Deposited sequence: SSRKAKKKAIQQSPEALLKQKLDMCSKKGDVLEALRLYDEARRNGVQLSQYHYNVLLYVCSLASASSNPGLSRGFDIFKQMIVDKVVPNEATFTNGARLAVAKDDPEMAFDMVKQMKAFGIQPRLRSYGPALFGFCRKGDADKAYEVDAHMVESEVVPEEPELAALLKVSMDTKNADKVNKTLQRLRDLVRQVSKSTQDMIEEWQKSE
């Protein structure tokens, strides 16, 4: 059995269990012995570093990120997605938005889960103008949102007293999801009677 295969199996259990420390240790042990690190290994690595709840692997996540580009292993879509999760954990939604701008330069098509960290991060910060900048990027990427993303765009426009954006974000909300969750449903009728 190859040491590169042995590394993947035990890295798999790290992501299954959440063992950030064993993932970080297995990676340095694999790097000391010159084990070839795959794109699969790096993304499982950046995944456990991006898990949120304080994290030890939060600061290491970018050290590992810088190592794969200098190792010149080709990134995936999950690479910049998990990289964007790292950026928003350090309270930098602009960087998470910069990660989804880089993937398009590599010919990588973003998915809905790629815009999550930047969109939700900009909405928590309150900056609606940057939230719309993310949403505009999605519609140009032909990535259609769903209720968590649309309700986030809904609230931030209500929080900034932006009645026009509330109306046409609600429009798309009415064509995309038919059964709206209770949390978002109450949010809409509170603003409609206000």
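Trainee: Report the unmodelled segments of the deposited sequence as residue ranges counted from 1.
Mentor: Holes in the chain trace, numbered from 1: 1-11, 65-66, 208.
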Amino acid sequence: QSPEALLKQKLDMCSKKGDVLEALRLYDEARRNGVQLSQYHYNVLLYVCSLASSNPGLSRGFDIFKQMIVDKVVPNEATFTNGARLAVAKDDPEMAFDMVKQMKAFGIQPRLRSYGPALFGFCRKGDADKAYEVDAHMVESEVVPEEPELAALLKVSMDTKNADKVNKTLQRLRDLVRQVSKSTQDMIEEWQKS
From here on, numbers count along this sequence of modelled residues.
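Trainee: Do the CA atoms of 79-87 or those of 97-105 have the higher mean B-factor in the entry?
Mentor: Comparing averages over the C-alpha atoms only gives 97-105.
Trainee: Hey, which bit's got the bigger mean C-alpha B factor in the entry, 18-26 or 172-180?
Mentor: Taking the mean B-factor of the alpha carbons in each, 172-180 is higher.
Trainee: Quick one: which of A131, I64, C49, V144 shows the highest Cα temperature factor in the PDB entry?
Mentor: Checking the PDB record, the top C-alpha B-factor among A131, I64, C49, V144 is at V144.
Trainee: Quick check for you: using the entry's CA B-factors within this chain, is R111 in the lowest, middle or highest third?
Mentor: Answer is lowest: the recorded C-alpha B-factor places it there.
Trainee: Compare the C-alpha B factor of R32 with those of the other modelled residues in its chain, then answer lowest, middle or highest third.
Mentor: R32: CA B-factor falls in the highest third of its chain.
Trainee: For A118, does the deposited CA B-factor place it in the lowest, middle or highest third of the chain?
Mentor: CA B-factor rank for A118: lowest third.
Trainee: Thinking about Cα B factors across the chain, which third does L7 belong to?
Mentor: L7: CA B-factor falls in the middle third of its chain.
Trainee: For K125, return the chain-relative third of its C-alpha B-factor as stated in the PDB record: lowest, middle or highest.
Mentor: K125: CA B-factor falls in the lowest third of its chain.
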